[PDB]
Amino acid sequence: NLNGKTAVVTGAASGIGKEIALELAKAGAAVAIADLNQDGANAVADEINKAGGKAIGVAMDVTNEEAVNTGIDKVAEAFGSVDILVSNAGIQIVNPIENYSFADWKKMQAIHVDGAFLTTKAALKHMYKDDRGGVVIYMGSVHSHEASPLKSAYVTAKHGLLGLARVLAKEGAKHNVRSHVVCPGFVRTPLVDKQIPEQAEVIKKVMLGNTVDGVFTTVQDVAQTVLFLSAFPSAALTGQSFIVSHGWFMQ
Amino acid sequence: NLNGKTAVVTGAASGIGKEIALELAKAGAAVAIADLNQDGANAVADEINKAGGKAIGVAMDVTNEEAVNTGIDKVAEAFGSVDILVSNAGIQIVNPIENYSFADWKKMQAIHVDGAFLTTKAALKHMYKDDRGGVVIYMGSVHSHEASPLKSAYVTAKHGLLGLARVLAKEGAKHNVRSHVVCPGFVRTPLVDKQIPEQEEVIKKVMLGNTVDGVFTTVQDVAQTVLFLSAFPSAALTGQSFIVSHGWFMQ
Amino acid sequence: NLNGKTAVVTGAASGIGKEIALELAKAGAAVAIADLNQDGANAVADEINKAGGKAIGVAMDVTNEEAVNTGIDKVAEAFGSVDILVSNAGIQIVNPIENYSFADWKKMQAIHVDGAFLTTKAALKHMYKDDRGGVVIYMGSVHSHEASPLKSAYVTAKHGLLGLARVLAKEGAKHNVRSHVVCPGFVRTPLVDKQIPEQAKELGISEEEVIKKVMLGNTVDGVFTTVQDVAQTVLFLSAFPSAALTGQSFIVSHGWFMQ
Amino acid sequence: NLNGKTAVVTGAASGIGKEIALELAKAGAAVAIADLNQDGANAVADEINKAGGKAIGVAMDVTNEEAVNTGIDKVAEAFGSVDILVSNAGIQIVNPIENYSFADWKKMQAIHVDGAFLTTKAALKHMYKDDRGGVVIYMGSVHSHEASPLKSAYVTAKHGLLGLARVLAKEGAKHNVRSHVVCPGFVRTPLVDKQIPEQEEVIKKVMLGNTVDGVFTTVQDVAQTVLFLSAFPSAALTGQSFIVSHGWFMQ
Ligand SMILES: NC(=O)c1ccc[n+]([C@@H]2O[C@H](COP(=O)([O-])OP(=O)(O)OC[C@H]3O[C@@H](n4cnc5c(N)ncnc54)[C@H](O)[C@@H]3O)[C@@H](O)[C@H]2O)c1
Ligand SMILES: NC(=O)c1ccc[n+]([C@@H]2O[C@H](COP(=O)([O-])OP(=O)(O)OC[C@H]3O[C@@H](n4cnc5c(N)ncnc54)[C@H](O)[C@@H]3O)[C@@H](O)[C@H]2O)c1
Ligand SMILES: NC(=O)c1ccc[n+]([C@@H]2O[C@H](COP(=O)([O-])OP(=O)(O)OC[C@H]3O[C@@H](n4cnc5c(N)ncnc54)[C@H](O)[C@@H]3O)[C@@H](O)[C@H]2O)c1
Ligand SMILES: NC(=O)c1ccc[n+]([C@@H]2O[C@H](COP(=O)([O-])OP(=O)(O)OC[C@H]3O[C@@H](n4cnc5c(N)ncnc54)[C@H](O)[C@@H]3O)[C@@H](O)[C@H]2O)c1
């Protein structure tokens, strides 16, 4: 139960972030949907508010320090606190290393890694006040732990998020701030639903051959894990990553 | 919510297992407490039954194949299924390697490793029937992932449990069986009580000095994690270990 | 270079252990080949001696405490010390967990895990003497770190060896003893050259497809690990001038499982 | 035996990189000393040339794409190939996350992570030619695997390097290119030598308390591990990281 808590989810206009925001709101949290896509952010907030929850849409480029600061402070002013941060905005750009654009490389690191750093820095200024505390969750991937070809930038970024979370777990403990990384496997999306006919079988072998059961991870799987971490009564799980992938990479 | 589910918890006359049995029963599971200490198992069962739950005590030396098979079959006949196995019974025997008796070594592997193997094998015969499925949770340790001196036998066995669980995740998938390993940090139980005199200085420094916050893990921390895994709606977390240790070893 | 050092390699009558013994001896170590197969152990020792090295064969069941203690003390009396222990004897027995024989389970843990414990403890009695020191290497597997179906006993044992080695690294430090685990991918030993036509027939696919897709599908390059790959890693660990690598495992698998 | 091989070591005007360059040269490789500090790079090269080896100094800001491309092409021009890349240049900047400068954050990412990416990409243009092959080694840290407070930027970067190396191992294999990450523990440097009297107690407790033996890692430890990887006869070790830390973090 998260009644009375406040959450900000970046990238929540779509996909995994959207489901996380809907389920945190369903659990009683007030939720700020932060996204580059301001229209989509407002659509999610207006869905939560029409269901009886409390939500705001926040226009936020997570690569832009001042926009991140302004958006996080806006959440704290609207809701009174920033108790849960889910750093989730992301994109994918594929190429082999020898033809990988350096501009693409930096954009990938800025969205995935700098966005996590910047939103964490802005949130901690609130969570640390009077040691109120907080939960900070980064959206990793099985690619935080394992590589695939053509994804050097993404894999590098998702690996780096583990390091940031592990430092935060150490620094944040004295202020009652916990850190975690959630690492989904392959989530079936509308784009995946178009590739399955295109690529062709593809499901169980090409896409999910590295799972134990050939089953896609769902946005519900991810959000339920986020809610469990967000509501956990102690700091016992701080610093840990959680692989939600149907057995693709086991630790 | 575990209404309609059946669970066997080995080692549940005491400590971590006892809390797991009580919390599983409060969630609506019928619970079999299986323990070398049959009187203690009966006492936990009586506590559950007096509170409105459903439980039985089972005599079970988990090193003894007949006792394991008889006990699991008893649960299945009493409750109709064996849906959740928590393999938790364990002891600690401390000595440097050069003074570690081979008798102690084998006893440690028999209780920790053979006990997990024997109880899993017996439970799978029930869980695999008509692919009913199941959840198998091994009680590991931060010592499944990291070593301490004087604990060669224990650390070896706790490391071995990860291997068994990861194989079960692969084998069990086609029968809807999941596997997990829970890895607590220090928890105040008789297993800890018996060590400290041999070794508040040992507690705050030697033990809790590995955590980020200086806090013992509680039996509630562990049981809440077991309940989360037990109720999870898909197999997305299968094969994974969960470190519940307040930041002692981060993966 | 290992001149003046003594090494004991268990399971070295054949395969990976045999190659480790030959390369340790070529580097200057006096090598004892400890194996259930006494003729095969004497054969490897004689191959070393004829090439100008120094070696003996030692009959040893690594599951038996008396045999291990007697054999290790024999090496110490023959060569003067026991500086390097390579715990390598193994066995594979496959079955799904729900039909895994407990007799076979106990045999798998006795050979892999008890063998490592017993030989380690016997060797420490010499290595700890006057804090002389030593290097203890366990032969693990990619299956020390990752699972495959039907191999519960093997995977559990190989995972456990990591734990033993990590404890030894902590306890052994004050006596100048280091520990490591070497983790090969698939190597073309006899038991494996048998697996390949057997798996081909059973899976109904070509032999090349068993190699490239089933056995080596998780490597980056489709290449078997060689006995030379493993032995050169053991040589490097054995001669390393400091304890900097103690407690670590080394995956020698052409990219199957990366840490 | 690296006779006839060519190597480039970034950051090799000083410290770990310098010892690596000296030992690669002593093993018979031609060595380019790439460093921001051109004075120091020329000095190491001159040390090598006076001892009978072959070396060049290369002024190279590893954060700058043009400087990296021009520098690596100069090595291939001078020596005929680029067979070994050691990506080693680094810097450390400490601060808690909530006070951390984004300017420092970006500098840390640029040197540690962008430098690895840019030097790798430039080297592959040469190593992939006719599948000649190559060895690419990133200098990580125990902080590639484990966190310390105040080092968020550094720990994040060093964790990210594992991801990049793991992708390179998969992509490079078809071209005979291997990747590794070498992870030194605490290396005693002149700066360390003036902190011990500032703080044989600070050594074994504050600095080396997390080692098993209280021994500093040496530059020789690191360079010997680099030489072993550089001469390995097969790709068997590709994608792996090597912890050279006297037991601080065990995998
Ligand atoms: N989909 C999967 O299979 C999968 C698997 C593992 C991990 N992940 C991770 O989960 C997270 C969410 O992924 P998704 O699949 O739901 O993606 P998505 O494309 O559905 O949603 C991504 C959202 O991020 C927003 N965004 C992009 N750049 C932004 C920026 N600069 N500032 C703010 N918002 C920005 C987009 O506008 C969009 O709303 C990502 O971090 C992704 O790497 C996804
Ligand atoms: N307490 C901790 O700090 C800690 C930390 C991490 C992991 N663990 C693990 O948690 C598990 C539970 O330990 P605990 O701390 O609750 O200890 P505990 O001593 O309170 O309970 C252990 C129980 O196991 C039973 N048992 C012992 N040998 C048995 C056998 N042969 N067959 C059946 N039952 C047997 C005992 O009778 C007892 O009821 C163990 O596996 C332990 O290794 C404990
Ligand atoms: N072959 C592979 O593909 C592979 C891959 C990774 C790891 N490994 C491991 O490497 C090691 C060697 O592998 P391998 O295939 O060369 O051989 P192996 O595992 O089949 O071992 C056979 C050898 O061990 C000896 N041996 C068996 N039981 C013994 C006992 N009780 N006491 C003493 N010696 C005994 C036999 O006489 C024989 O010489 C084993 O630990 C194995 O698990 C093998
Ligand atoms: N010293 C340790 O205890 C330790 C431990 C683990 C890892 N490491 C890593 O080892 C590597 C070497 O570190 P060190 O301790 O030898 O440090 P150092 O200070 O002795 O050497 C750093 C070198 O990098 C160069 N450099 C810095 N910025 C550069 C840039 N933009 N372009 C090119 N060259 C640049 C400097 O000119 C210098 O020669 C680093 O990656 C460091 O993170 C060091």
# chains A, B, ... in the order shown; residues from 1 in each chain; ligands from 1
call {"tool": "interface_residues", "arguments": {"of": "chain D", "to": "chain A", "cutoff": "7 Å", "atoms": "only C-alpha atoms", "output": "PyMOL selection string"}}
result
chain D and resi 97-98+121+124-125+147-149+152+155-157+159-161+163-164+166-167+170-171
call {"tool": "residues_around", "arguments": {"residues": "residue 220 (chain B)", "least_positions_apart": "4", "cutoff": "10 Å", "atoms": "only C-alpha atoms", "output": "PyMOL selection string"}}
result
(chain A and resi 233-234) or (chain B and resi 16+19-20+23+187+224-226)
call {"tool": "residues_around", "arguments": {"residues": "region 88-93 of chain B", "least_positions_apart": "6", "cutoff": "6 Å", "atoms": "only C-alpha atoms", "output": "list in words"}}
result
residues 10, 11, 112 and 139 of chain B
call {"tool": "write_last_selection", "arguments": {"atoms": "N, CA, C and O atoms", "output": "CSV table (one decimal), in the first residue's frame"}}
result
chain,number,residue,atom,x,y,z
B,10,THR,N,10.4,-26.8,5.1
B,10,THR,CA,11.3,-27.6,6.0
B,10,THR,C,12.0,-26.7,6.9
B,10,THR,O,12.3,-25.5,6.6
B,11,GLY,N,12.4,-27.2,8.1
B,11,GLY,CA,13.0,-26.4,9.1
B,11,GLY,C,12.1,-25.4,9.8
B,11,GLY,O,12.6,-24.5,10.4
B,112,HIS,N,22.1,-29.4,4.0
B,112,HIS,CA,21.9,-28.3,3.1
B,112,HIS,C,21.6,-28.7,1.7
B,112,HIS,O,20.7,-28.2,1.0
B,139,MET,N,16.3,-21.8,0.7
B,139,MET,CA,16.8,-20.8,1.6
B,139,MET,C,18.3,-20.8,1.4
B,139,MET,O,19.0,-21.7,2.0
call {"tool": "residues_near_ligand", "arguments": {"ligand": "ligand 3", "cutoff": "7 Å", "atoms": "only C-alpha atoms and all ligand atoms", "output": "ChimeraX atom specification"}}
result
/C:10-17,34-37,60-63,88-92,111-112,139-142,183-189,191-192
call {"tool": "residues_near_ligand", "arguments": {"ligand": "ligand 2", "cutoff": "7 Å", "atoms": "only C-alpha atoms and all ligand atoms", "output": "count of residues only"}}
result
37
call {"tool": "atom_distance", "arguments": {"atom1": "CA of residue 60 (chain A)", "atom2": "CA of residue 48 (chain A)"}}
result
18.9 Å
call {"tool": "residues_near_ligand", "arguments": {"ligand": "ligand 1", "cutoff": "9 Å", "atoms": "only C-alpha atoms and all ligand atoms", "output": "PyMOL selection string"}}
result
chain A and resi 10-19+34-38+40-41+59-64+68+87-92+107+110-112+115+138-144+154+158+182-189+192+216-219+244-245
call {"tool": "interface_residues", "arguments": {"of": "chain D", "to": "chain C", "cutoff": "6 Å", "atoms": "only C-alpha atoms", "output": "list in words"}}
result
residues 170, 173, 212, 213, 235, 236, 237, 238, 239, 240, 241, 244, 245, 246, 247, 250 and 251 of chain D
call {"tool": "write_last_selection", "arguments": {"atoms": "N, CA and C atoms", "output": "PDB file, in the first residue's frame"}}
result
ATOM      1  N   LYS D 170      31.138 -10.488 -28.510  1.00  0.00           N
ATOM      2  CA  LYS D 170      30.206 -11.140 -29.430  1.00  0.00           C
ATOM      3  C   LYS D 170      30.405 -10.665 -30.867  1.00  0.00           C
ATOM      4  N   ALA D 173      34.178 -11.572 -32.605  1.00  0.00           N
ATOM      5  CA  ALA D 173      34.644 -12.944 -32.731  1.00  0.00           C
ATOM      6  C   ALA D 173      34.826 -13.337 -34.191  1.00  0.00           C
ATOM      7  N   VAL D 212      42.055  -9.893   1.242  1.00  0.00           N
ATOM      8  CA  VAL D 212      42.219 -11.013   2.166  1.00  0.00           C
ATOM      9  C   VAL D 212      43.547 -10.979   2.904  1.00  0.00           C
ATOM     10  N   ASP D 213      44.523 -10.211   2.414  1.00  0.00           N
ATOM     11  CA  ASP D 213      45.888 -10.296   2.911  1.00  0.00           C
ATOM     12  C   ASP D 213      46.498  -8.950   3.271  1.00  0.00           C
ATOM     13  N   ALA D 235      40.828 -17.434 -28.595  1.00  0.00           N
ATOM     14  CA  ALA D 235      39.798 -16.544 -28.081  1.00  0.00           C
ATOM     15  C   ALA D 235      39.099 -17.094 -26.838  1.00  0.00           C
ATOM     16  N   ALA D 236      39.682 -18.095 -26.163  1.00  0.00           N
ATOM     17  CA  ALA D 236      38.968 -18.756 -25.073  1.00  0.00           C
ATOM     18  C   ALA D 236      38.563 -17.800 -23.956  1.00  0.00           C
ATOM     19  N   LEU D 237      39.309 -16.708 -23.743  1.00  0.00           N
ATOM     20  CA  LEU D 237      39.047 -15.828 -22.609  1.00  0.00           C
ATOM     21  C   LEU D 237      38.269 -14.579 -22.997  1.00  0.00           C
ATOM     22  N   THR D 238      37.698 -14.538 -24.196  1.00  0.00           N
ATOM     23  CA  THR D 238      37.090 -13.299 -24.664  1.00  0.00           C
ATOM     24  C   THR D 238      35.820 -12.970 -23.868  1.00  0.00           C
ATOM     25  N   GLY D 239      35.601 -11.678 -23.629  1.00  0.00           N
ATOM     26  CA  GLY D 239      34.422 -11.243 -22.918  1.00  0.00           C
ATOM     27  C   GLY D 239      34.520 -11.270 -21.409  1.00  0.00           C
ATOM     28  N   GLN D 240      35.622 -11.772 -20.852  1.00  0.00           N
ATOM     29  CA  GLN D 240      35.766 -11.955 -19.412  1.00  0.00           C
ATOM     30  C   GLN D 240      36.461 -10.772 -18.755  1.00  0.00           C
ATOM     31  N   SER D 241      36.124 -10.545 -17.491  1.00  0.00           N
ATOM     32  CA  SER D 241      36.862  -9.590 -16.678  1.00  0.00           C
ATOM     33  C   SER D 241      37.704 -10.343 -15.655  1.00  0.00           C
ATOM     34  N   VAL D 244      42.088  -8.331 -10.249  1.00  0.00           N
ATOM     35  CA  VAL D 244      43.472  -8.401  -9.810  1.00  0.00           C
ATOM     36  C   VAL D 244      43.560  -7.579  -8.534  1.00  0.00           C
ATOM     37  N   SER D 245      43.012  -8.107  -7.424  1.00  0.00           N
ATOM     38  CA  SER D 245      42.684  -7.229  -6.305  1.00  0.00           C
ATOM     39  C   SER D 245      43.040  -7.822  -4.950  1.00  0.00           C
ATOM     40  N   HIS D 246      43.721  -8.960  -4.909  1.00  0.00           N
ATOM     41  CA  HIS D 246      44.019  -9.625  -3.641  1.00  0.00           C
ATOM     42  C   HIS D 246      42.740  -9.936  -2.863  1.00  0.00           C
ATOM     43  N   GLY D 247      41.707 -10.374  -3.580  1.00  0.00           N
ATOM     44  CA  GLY D 247      40.536 -10.923  -2.919  1.00  0.00           C
ATOM     45  C   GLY D 247      39.451  -9.929  -2.592  1.00  0.00           C
ATOM     46  N   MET D 250      35.102 -11.258  -5.128  1.00  0.00           N
ATOM     47  CA  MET D 250      35.458 -12.529  -5.740  1.00  0.00           C
ATOM     48  C   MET D 250      34.350 -12.964  -6.694  1.00  0.00           C
ATOM     49  N   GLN D 251      34.707 -13.258  -7.936  1.00  0.00           N
ATOM     50  CA  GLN D 251      33.748 -13.892  -8.852  1.00  0.00           C
ATOM     51  C   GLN D 251      34.425 -15.128  -9.412  1.00  0.00           C
TER      52      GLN D 251
END
call {"tool": "closest_residue", "arguments": {"among": "D:69, D:179, D:195, D:217", "to": "ligand 4", "atoms": "only C-alpha atoms and all ligand atoms"}}
result
D:217
call {"tool": "atom_distance", "arguments": {"atom1": "CA of residue 229 (chain B)", "atom2": "CA of residue 180 (chain B)"}}
result
7.9 Å
call {"tool": "select_by_dssp", "arguments": {"residues": "region 167-215 of chain B", "states": "helix (DSSP H, G or I)", "output": "list in words"}}
result
residues 167, 168, 169, 170, 171, 172, 173, 174, 175, 190, 191, 192, 193, 201, 202, 203, 204, 205, 206, 207, 208, 209 and 210 of chain B
call {"tool": "closest_residue", "arguments": {"among": "B:233, B:70, B:145, B:175", "to": "chain D", "atoms": "only C-alpha atoms"}}
result
B:145
call {"tool": "select_by_dssp", "arguments": {"residues": "region 30-91 of chain B", "states": "strand (DSSP E or B)", "output": "PyMOL selection string"}}
result
chain B and resi 30-35+55-59+84-87
call {"tool": "closest_residue", "arguments": {"among": "D:120, D:81, D:234, D:144", "to": "chain B", "atoms": "only C-alpha atoms"}}
result
D:144
call {"tool": "closest_residue", "arguments": {"among": "D:9, D:24, D:122, D:30", "to": "ligand 4", "atoms": "only C-alpha atoms and all ligand atoms"}}
result
D:9
